[PDB]
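A.B. asks: Here is the sequence, then the experimental structure:
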Amino acid sequence: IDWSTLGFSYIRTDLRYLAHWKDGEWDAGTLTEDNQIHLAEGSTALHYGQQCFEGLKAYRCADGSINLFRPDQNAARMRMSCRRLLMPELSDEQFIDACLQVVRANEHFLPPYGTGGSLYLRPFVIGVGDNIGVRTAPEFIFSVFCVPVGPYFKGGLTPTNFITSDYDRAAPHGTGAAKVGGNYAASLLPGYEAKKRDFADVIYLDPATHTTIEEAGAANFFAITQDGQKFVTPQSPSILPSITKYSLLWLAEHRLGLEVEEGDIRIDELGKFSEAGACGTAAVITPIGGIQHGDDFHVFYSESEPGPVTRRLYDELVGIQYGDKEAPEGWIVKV
Amino acid sequence: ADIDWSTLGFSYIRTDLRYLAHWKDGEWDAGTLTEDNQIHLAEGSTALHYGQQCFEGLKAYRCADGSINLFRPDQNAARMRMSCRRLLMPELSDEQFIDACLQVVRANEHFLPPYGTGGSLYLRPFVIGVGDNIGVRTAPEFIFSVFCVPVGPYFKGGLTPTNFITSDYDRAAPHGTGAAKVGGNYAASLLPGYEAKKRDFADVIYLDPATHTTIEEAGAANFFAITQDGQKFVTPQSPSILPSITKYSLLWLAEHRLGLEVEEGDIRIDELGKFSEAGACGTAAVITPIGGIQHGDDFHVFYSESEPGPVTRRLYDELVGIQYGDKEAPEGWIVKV
């Protein structure tokens, strides 16, 4: 129970939410201790990747309350992921409700305020039931389990480097915009090579022709311009719509009077920005010390220090998440 | 077990026993046969969240003389090994792979369709990453299983052609997992295949990702075509298509015992007129003649919408004859069970 060292590893919490879909409708759903999934050997989820998931965090505020960050946004996104894979959808009603039931039942795992930790929720859907042909499963399972994670930066916003790859994580018109297992399995090998060559991860350029930046592994990418006034993130049908990215996209315009733009970010002109970063629920902005592309490295601001704008974005979001800052209208749901 | 051999299609049927092996601490389990058709893994398994999974498909056939054939099992074990490497999963030697397949066939012989039913016993070997996990990383443990299902045709019973249509969607990236038999590629093909099926087409025909101008695959089979003079067998060569065992076998048969010239190159959809006949090939398909391909508003018919081309029949009759023991098997292709 030592929130101190605690990292981002699996830990068996008390209860999970579990719902079955059959004959066209979802069931009431229930809480279980099982933490073990059982499915037909021919399950579509094991052979054809008919699986998708979400990830969000719950936090314990100073005033003793509990914050659930934009659960609705994840519900909307998972609906799209299920859409792409022919799986039944879940309404904000059912999605948020399951997340709430799980946070409450496992409240004793919510890291106490002070230690930058939180409760990670892993909602997911998978196809099940007897099967061999390439088609959608006759049945599906929806589950939500949580695991207490600790502060990602057990020291502070420490920047790390990334490297370019010739491998793709998504096709131009594949499942890139959906949070489906297939995309992660494809990044698995290139990710192993990057870590090996002592790098944080890899930055995928773009299926068609590797000229523009897509995503920085399992997290979106953004860059502040030299003048430090304009916020830039890549726009593309093949990248995952990061909820953190969109929130950082908001905090920049309505909390930092900065210019904002969703467009192309060629790997030719990186010197066009003063600082760059990778954002995500787990990542929560990883300052990018430098990007290795070919035989030349390229640092933006520093390789041991986060740029100012980046730090401001980091602190504003973390503020909202924990409640030490007014939360925008809509975001944050009390548990 | 009471099974209507005449009704048999391509659908899941619980056979008696499956093989199951566990990988722990860098080593593979001995391998064990079981009655349990249900798999049990950690709620956070890589196979359930990060698509860390790959599989194979091959058949066993009953011959006229009574013996049993397992078609090029060595090739599947080789391809699975390649798939496992792409997903950082432990490999399986040719020996382990075949041995598991033989045990399942022998333990389920009574499910092997009798010779002359055109049916067979389908084997589905696969490997999944399991064990408690949470971060995007290769699993700590894995499972290797082989179960079988008796079947008949996948698309249609007989050499009757069926039509295909192109799609703006991609089942794989130019430099993705197209070369490996992994779940993700099929997951992506779900929506397009569904739309093509909804419009009466057998399946989608995928073009090359980025600059959709060259034929890739059918989603469940490889694509091949014959020159207008019926002298050349042509099939797309791409780093993103699955290396079909049935395709390489056809490639071999066409060259020897069929006397055609062979070519592994590019086939743009705008030049379908260069071909007198076309087809889709695979273990499940065992050559499905392509009646006609739909591209936007153009519906191109190579030969017939109801009859298969003559070379296609020749290729078909040869490959199937070998599989069931009616024609001479080339060196090392058949393994007797």
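C.D. replies: Arrived safely. Numbering: from 1, shown residues only, chains lettered A, B, ... in the order given.
A.B. asks: what domains does the record give for chain A?
C.D. replies: Taking curated CATH domains as the reference, chain A has its domains at A:1-155, A:156-335.
A.B. asks: So the closest residue to residue A:143 other than its chain neighbours, which state does it fall into?
C.D. replies: Closest residue in space to residue A:143, ignoring its immediate chain neighbours: residue A:18 at 5.1 Å, by C-beta to C-beta, 6 or more residues apart in numbering or on different chains. For the C-beta atoms, the positions are set from N, CA and C on the backbone; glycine is no exception. Classification of residue A:18 by DSSP: H, G, I helix; E, B strand; the rest coil places it in strand.
A.B. asks: what about stretch A:126-141, how long is it end to end?
C.D. replies: 5 Å (C-alpha to C-alpha, to the nearest Å).
A.B. asks: what comes up buried for it?
C.D. replies: A:126-132, A:134-141 (16 or more other C-beta atoms under 10 Å in any protein chain shown).
A.B. asks: show me which of the residues you listed neighbour chain B.
C.D. replies: Restricting the buried residues of stretch A:126-141 to those near chain B by C-beta under 8 Å from any C-beta of the partner chain leaves A:126, A:130, A:131, A:132, A:134, A:135, A:136.
A.B. asks: if I read this right, residue A:205 contacts residue A:211, doesn't it?
C.D. replies: Yes. The pair residue A:205 / residue A:211 is scored as a contact, 6.7 Å apart, by C-beta atoms under 8 Å.
A.B. asks: Residue A:268 - how many residues pack around it?
C.D. replies: 10 (other C-beta atoms under 10 Å in any protein chain shown).
A.B. asks: ok, which stretches of the stretch 51-200 of chain A are strands?
C.D. replies: For the stretch 51-200 of chain A, the strands defined by DSSP state E, counting those that start in this stretch cover A:51-53, A:56-60, A:66-68, A:118-128, A:139-149, A:160-164.
A.B. asks: okay, those strands in a markdown table with distance to residue A:309 next?
C.D. replies: Formatted as a markdown table, the strands of the stretch 51-200 of chain A follow (distance: least, C-beta to C-beta, whole Å):
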| stretch | distance to residue A:309 |
| --- | --- |
| strand A:51-53 | 31 |
| strand A:56-60 | 23 |
| strand A:66-68 | 25 |
| strand A:118-128 | 24 |
| strand A:139-149 | 26 |
| strand A:160-164 | 18 |
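A.B. asks: Need the winner for burial among those.
C.D. replies: Highest mean neighbour count of the strands of the stretch 51-200 of chain A: strand A:51-53, a mean of 28 (counted as mean count of other C-beta atoms under 10 Å in any protein chain shown).
A.B. asks: Does chain B have contacts with it?
C.D. replies: Yes. Strand A:51-53 lies within reach of chain B by C-beta under 8 Å from any C-beta, at A:51, A:53.
A.B. asks: Return the list of helices and strands in contact with that strand.
C.D. replies: helix A:71-84, strand A:118-128, helix A:181-196, helix B:46-49 (3 or more C-beta pairs under 8 Å, 6 or more residues apart in numbering or on different chains; DSSP states H and E).
A.B. asks: Out of the ones you listed, the one nearest residue A:61 is which?
C.D. replies: For residue A:61, the closest of the helices and strands packed on strand A:51-53 is strand A:118-128, at 11.0 Å, according to C-beta to C-beta.
A.B. asks: want to try CSV for the helices and strands packed on strand A:51-53, with distance to residue A:275 as columns?
C.D. replies: Shown next, in CSV, are those (distance: least, C-beta to C-beta, whole Å):
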stretch, distance to residue A:275
helix A:71-84, 26
strand A:118-128, 25
helix A:181-196, 21
helix B:46-49, 32
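A.B. asks: ok, residue A:4 touching residue A:116?
C.D. replies: No. Contact criterion C-beta under 8 Å: residue A:4 and residue A:116 do not qualify, at 10.7 Å.
A.B. asks: between these two, who's got more neighbours?
C.D. replies: residue A:116 (19 against 11).
A.B. asks: how much space between that one and residue B:243?
C.D. replies: Look at residue A:116 and residue B:243: by C-beta to C-beta, to the nearest Å, they are 48 Å apart.
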